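Read the single chain below, which is given as structure tokens and is the form deposited in one PDB entry.
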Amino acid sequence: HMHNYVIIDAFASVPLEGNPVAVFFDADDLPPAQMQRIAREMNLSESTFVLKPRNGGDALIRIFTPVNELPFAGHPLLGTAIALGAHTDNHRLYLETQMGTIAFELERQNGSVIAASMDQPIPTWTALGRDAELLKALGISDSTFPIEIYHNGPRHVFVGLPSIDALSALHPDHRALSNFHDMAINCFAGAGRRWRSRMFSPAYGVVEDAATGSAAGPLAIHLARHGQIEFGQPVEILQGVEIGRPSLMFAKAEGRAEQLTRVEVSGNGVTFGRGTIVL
């Protein structure tokens, strides 16, 4: 009859930064066709719906873009975990998804969840094999590191820039980027612990994304494989600066390329708004 929701800015501690997600509570009475229509009404990159668990977790989360359901998504799940922390006392939260149960660690101050860390699906990867085409679309001549495409649900391509200023100077041809289907293009630069990223994806319906949580795990793997960090070392990834939505993602990939044991992504989140819908 009515549902409460919150809008969480994921990968931010300040409202209007990070990447929004709408989280709808007590959604068991909504058929998925209605969830999809609600996600379309809200028009945020994702709306999530909190449901009773079916396999021993704390809750089952269904994730919708304005057009389709997703089996996994990075910032939407982080924001959902932070939102649900307002309704539980547990330090760990186990959220069921189409792809299995994702474990979260919740960080609180005086009962308010301010951040969370999630274990991500372990990616696979290969060479993109379309380098000249992609580089032309981005407006540059070469990448620093190999142009590889990672799969953990979505697909994320990584193109390296020689400096943060070169990354900020990119002005991609978005029409040309639209020939890259079912993937996002992540451009990065930095050194040591601190990296900057920009993400562009016509395929996922975003000219430039603020905080691509599902790309943070893959980027940590990419940087470790290519010798810029070690496996087991965390990185800080700052995204969305150029578009006025700065977002901080932390990532770490444990093990070795051939036997990854854990891919962790963490971030702050903050409530932008709260409301109730009439169905």
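Take the two forms, superpose them, and find the largest set of C-alpha atoms that agree within 1.5 Å; that set is the rigid core. Each residue number is its position in the shown sequence, starting from 1.
Beyond what is shown, the protein has a form deposited in another entry; the following relates to that form.
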Give the option from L70, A251, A210, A224 whose C-alpha shifts by 2 Å or more between this form and the one not shown; the alignment is on the rigid core. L70
Rigid core superposed, CA of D26 - does it shift 2 Å or more between this form and the one not shown? yes
Core-aligned C-alpha movement of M42 between this form and the one not shown, 2 Å or more: yes
Taking the rigid core as the reference frame, is the Cα of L51 displaced by 2 Å or more between this form and the one not shown? yes
